[PDB]
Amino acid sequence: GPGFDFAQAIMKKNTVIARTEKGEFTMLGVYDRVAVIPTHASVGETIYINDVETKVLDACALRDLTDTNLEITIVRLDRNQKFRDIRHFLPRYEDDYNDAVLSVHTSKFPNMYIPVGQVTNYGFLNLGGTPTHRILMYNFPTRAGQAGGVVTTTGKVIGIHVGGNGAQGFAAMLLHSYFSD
């Protein structure tokens, strides 16, 4: 299929298993030594990348123009490998999507590929008492340990999984402007 082949290429080439004090997360490498992870991971001065302690050169919890949390934390890693540049796969603006796939890879959820289908630009969301913006929503019974999962469509990496409420899953948008220029 078209979605699965692309999703698997992003997972194999541009993801690592990140482990913080909060546990295991799927982490997407975007370019150079820059990666993203849900802010609730509570990243620190060091982080385990595929079971190798790695120095965190920089970490920035993103906020929008309204100073509202986006639940995405950009991380610059002190590692030898450089991520393949996938910024041209990132959407340029907020949108809705169809035929989306959620891909997760952790010790608990290894090689998980879920066609979630329709993805809605929900926008505002109170995530555990924290106002959040730019949230995508899909119908999927979420479970703990999937935070950081990559949401892709036909040829685009559109967001990362940040939470859910039993029957719906929520992802933070990935936008080209976050990493460009």
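Numbers follow the displayed sequence, beginning with 1.
Look at the C-alpha B-factors of 156 to 164 and of 19 to 27. On average they run higher in 19 to 27. Once the C-alpha B-factors are averaged per stretch, 87 to 95 and 74 to 82 rank with 74 to 82 first.
Remark: of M112, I49, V119, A144, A144 shows the highest value [criterion: C-alpha B-factor in the PDB entry]. Ranking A35, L136, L127, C60 by the C-alpha B-factor listed in the PDB entry places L127 at the top.
Placement of the Cα temperature factor of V151 within the chain: lowest third of the modelled residues, per the deposited record.
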